[PDB]
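Here you get one chain, nothing else, as structure tokens; it is the form deposited in one PDB entry.
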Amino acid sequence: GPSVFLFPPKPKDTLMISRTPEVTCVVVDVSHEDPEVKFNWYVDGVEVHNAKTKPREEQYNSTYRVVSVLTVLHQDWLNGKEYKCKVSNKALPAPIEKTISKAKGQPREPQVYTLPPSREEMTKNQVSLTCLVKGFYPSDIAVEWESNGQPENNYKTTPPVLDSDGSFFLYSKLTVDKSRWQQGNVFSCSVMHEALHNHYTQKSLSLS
């Protein structure tokens, strides 16, 4: 039978007003004989009708995947409203209902620190710029890199890791050509989190 997974919006989408957060209801293991899926969305218990169903997609395992996307208001999600997805399909004896909401708990402000490359790494053609983000809650967070107002395209960020005090931390590793670092170019670690002022902060990183 079909299975349902309800996903929250991306942290960056709910924190930046210029973006559109969405909750996503994914129905997997949809059969070829009964591929019709009906979605019923509810925001705080009242049904809404602005959801969009994406065309079904057959997967490599020979089952259909149908996705429904519902735009949400930034403040509704941040204030803890519940979003219910109800999925109906003739292969199910009864509809499946999944509910999600923002993670609960006292918000805690991330501490953001930039770390230059180890001197021992300066013998490599590329060097690692590190961003330490620690002490934040909930774990929902977004991290990006910038230089001169433009995005950097070779960084990787670890998942949030639970620390001893109940908060979370992570690292972001930006790889740049060693020449760029030695020339004094300024790089910026951008962190987006609900417990930050304006929901974002930036910290610079340069040689001297």
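Sequential numbering from 1, following the sequence displayed. Rigid core here is just the name for the largest C-alpha set that superposes within 1.5 Å across the two forms.
We do not show the form deposited in another entry, though everything after this point is about it.
Superposing on the rigid core, does the Cα of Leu78 end up 2 Å or more away between this form and the one not shown?
-> No, its C-alpha moves less than 2 Å.
Would you say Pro95 moves between this form and the one not shown, meaning its CA shifts by 2 Å or more once the core is fitted?
-> For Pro95, whose C-alpha is compared between this form and the one not shown after core superposition, the shift is 2 Å or more.
Rigid core fitted, then: does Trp41 show a CA shift of 2 angstroms or greater between this form and the one not shown?
-> For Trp41, whose C-alpha is compared between this form and the one not shown after core superposition, the shift is 2 Å or more.
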